[PDB]
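Here you'll find one protein chain in two forms, each presented separately as structure tokens under the names structure 1 and structure 2.
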Structure 1
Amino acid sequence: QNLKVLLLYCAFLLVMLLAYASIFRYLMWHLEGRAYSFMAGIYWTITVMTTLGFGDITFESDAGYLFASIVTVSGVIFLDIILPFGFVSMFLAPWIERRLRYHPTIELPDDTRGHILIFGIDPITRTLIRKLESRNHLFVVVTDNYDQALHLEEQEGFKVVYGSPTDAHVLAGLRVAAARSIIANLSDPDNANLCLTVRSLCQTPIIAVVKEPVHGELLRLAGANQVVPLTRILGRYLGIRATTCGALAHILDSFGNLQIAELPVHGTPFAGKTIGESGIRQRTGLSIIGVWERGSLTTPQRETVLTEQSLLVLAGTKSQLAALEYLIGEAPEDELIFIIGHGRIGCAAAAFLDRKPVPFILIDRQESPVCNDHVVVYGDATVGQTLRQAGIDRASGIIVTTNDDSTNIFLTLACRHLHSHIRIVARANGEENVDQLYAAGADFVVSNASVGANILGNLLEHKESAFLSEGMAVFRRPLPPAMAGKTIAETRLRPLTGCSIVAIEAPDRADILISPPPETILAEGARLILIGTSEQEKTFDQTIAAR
């Protein structure tokens, strides 16, 4: 806006120069009978407006004096007054204001399209923003907290809009209809308010982070396209790690046709072994769709070594998972898990361990305001003897799940020093503490920030097939001998059936190809894993038989 005003002024200046130069020649002629060239006219007019004033060309008439004077004042006005004033008002004042006084962004420009609206800032969403700023996605966080909007604009890896997240006028200004996605990370009541409100304007996909798993149905009702029970998921993860030996954890039941389950490898026979050596696919009929270790979901190779901290992601039928549990097989007796911290996550961990069930003890300094189902040992786990008196000694595992990382580090530090034998699973509230938790002696660390972001991020990047894969089922099919040699693009499975190929695995290998390219040549006896509607899964073996 300002460079235009700047150089539009330069246009006016230039036109003024020509005009005065032209009139200068006109007057020198008609008033004094002197002829000057165009260059002389420019030269004189510059000399005067610029106040150099050589004096080698002057008028002698009064009318020439009046004109010289007019041109002279014009220079003083348009080079010594307007120009610096224009500068101090179009450049300096705006900058000094924005740099001395926070001016809240109330509204998003009309043209904004395909942006990600973030409602409710916290470690999870802060980590999300940093993780997808590495992709340079357009993130707008929205807050109704003035002191917060300030703080977020100074280290702005993101634009901030200050406004009530539940006003439709605000949402309109945020251009929610034009938005790509929306993360709803407010309280459950505010989220409910937000979804209903956004839904009154648009059909933009909303991802809600629910604080109490029972409110999930309620938030879908309000209009959330996806609901993520973080504290439950986080508790579940502190849970599967706390047992002395690893154990299956069912993730998705895709109609009873295909199950997805995860298995931590600690304490299991598979620990220390390589994948093909453990022979899981051969003995279970399961598919290993990935090895999550060190924060990276990698694809399974035969020579890939499973460590105590590894976690297998598995897919197969209900009976194939039962075979795996037999191979493990039987849990050790007198398992006793101390869960320090009885907030939402601590509660979630205990609730997961009760699903099995595994004997646990909850400790917290205060009584839960939300839970009435769990008996808790009240005490400060930091003040001496409190853990001892709770029977920390006959414990086989400690989950340390406090809202404070330093306390978690300190507890992990102490427990591992007094009980070098037992399993220690620690909660990291920020990723800046994960390493020290390990250094303190924790066997595994669950990092809320990254886990939360990994989920939300994947729901975001796989959005184009998220609400597609929502209501749809993932299934597995033995590659029919008819296509033993043909390529994916040649078979044309999608325009006939409507399903997609998300995995191919070899008949006698633990090696699987994830999301195969259309030029992939299909081998004989191979096993396909597909995803599609519950009307395309039945119209598969039908349509594939017809053509």
Structure 2
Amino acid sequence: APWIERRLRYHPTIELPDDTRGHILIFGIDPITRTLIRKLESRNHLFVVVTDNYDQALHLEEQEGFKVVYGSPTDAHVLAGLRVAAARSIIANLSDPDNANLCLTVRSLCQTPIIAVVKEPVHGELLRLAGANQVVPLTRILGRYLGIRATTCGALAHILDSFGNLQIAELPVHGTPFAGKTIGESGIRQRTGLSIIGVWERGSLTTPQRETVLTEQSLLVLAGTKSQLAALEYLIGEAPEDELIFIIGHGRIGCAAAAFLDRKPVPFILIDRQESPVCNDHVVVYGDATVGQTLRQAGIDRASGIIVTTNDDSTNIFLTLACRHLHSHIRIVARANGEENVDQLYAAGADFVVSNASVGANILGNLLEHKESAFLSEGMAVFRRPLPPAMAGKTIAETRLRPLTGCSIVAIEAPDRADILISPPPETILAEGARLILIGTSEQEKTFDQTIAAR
């Protein structure tokens, strides 16, 4: 066995057997890709994590879920041994230069798809050029999610502007009037005309029922026109005269959150242990937040909210304990670097925990699992239309919309106050006065109305 075997001097694996197919191979093991493995164990997937650190290989070889290979990720010969042409997907999670090198190298050998994690927003373009076909600015995203949760009140965070008509935004419920209520009694479609595409609750995008009661923690995906969204901003109200978010840590994430807050102009103060060599736009206070007066003197006592974004979890927990114990009114949003700390961050007294490991693994998994659906929608228009009077009663197949307009239907919201139906089967009876959501070419969107009217 390899049982008896591995009690002898250790040697790493260098290459994979020739018949290796449909494996996913990971470059840049960390808590986000470790979570991605664990999470995709419902499928008998094969994960190959590649390390060029001989010492790392040794330790990973005792962990299950995945196979470790040792070798230089940027040498064609190593990649060839990994059977990159035969692989299902490739996850590029290295430094940005190392990723470009990785891409270009594999791209010289095959077209196997690559999802790359980009550490600097502006680098995304470059990783595409190098041949990544999917580029996830994880730290930008993780920042945004901190930014969103941090305000006293919670406003609209824009997600999509589809060709200057239909818009998609999210809305945290916390400061809002809608907190502790049902989706029905909140009166959103009734006051605004907006559609509620869904609800985030635990990285789970749930179809929103009428009876569903939303918490302080609920995040509401919404679609509508710019004007409609405005009507909604009016309803939530305006923020406190003097809110001030205080961001502990100005690493790549803290920087992102800061960059988020600056757009909806929200004042913030930043603490870091270090001048941090990428940012030239944010004025930072230097010190160890862990040290006594550091925080008080930096003026944490004027803050309406705190964002705990240290690369160390023990620290994040500690700062949470401290800020809650000292300033028990302030809203605290904390970053969880590993998923095995998320609970302690709550225990310590955080209001929300952005769980990096989950959020990341979650995005990656979806890009893997829903590859085709994502592709099929690239560059397409999403728009909303009142059902044409002469189509009421009809079934979806009966309207013949795709063959006549090119556009098809992806969601219907019922005429009555009734939950949204996403991905309706073609045998769906189109009700009295429902609104429908349609994906189509943007050119065909411009034209849809004209053809429906023509017939």
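Just so we're on the same page, rigid core means the largest C-alpha set that superposes within 1.5 Å between forms. Structure 1's sequence is the ruler for residue numbers, which start at 1.
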## Note on the structure
The mover among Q148, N458, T274, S469 between structure 1 and structure 2, judged by a CA shift of 2 Å or more on the rigid core, is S469
### Query
Would you say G316 moves between structure 1 and structure 2, meaning its CA shifts by 2 Å or more once the core is fitted?
yes
#### Entry: Core-aligned CA displacement of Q226 at least 2 Å between structure 1 and structure 2
no
### Message
Does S187 move appreciably between structure 1 and structure 2, meaning a CA displacement of 2 Å or more on the superposed rigid core?
### Response
no
#### Entry: between structure 1 and structure 2, C-alpha offset at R365 (rigid core aligned, Å)
1.2
## Note on the structure
The CA shift of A350 between structure 1 and structure 2, rigid core aligned, in angstrom, is 0.3
#### Entry: Following rigid core superposition, Cα shift of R492 between structure 1 and structure 2 in Å
6.7
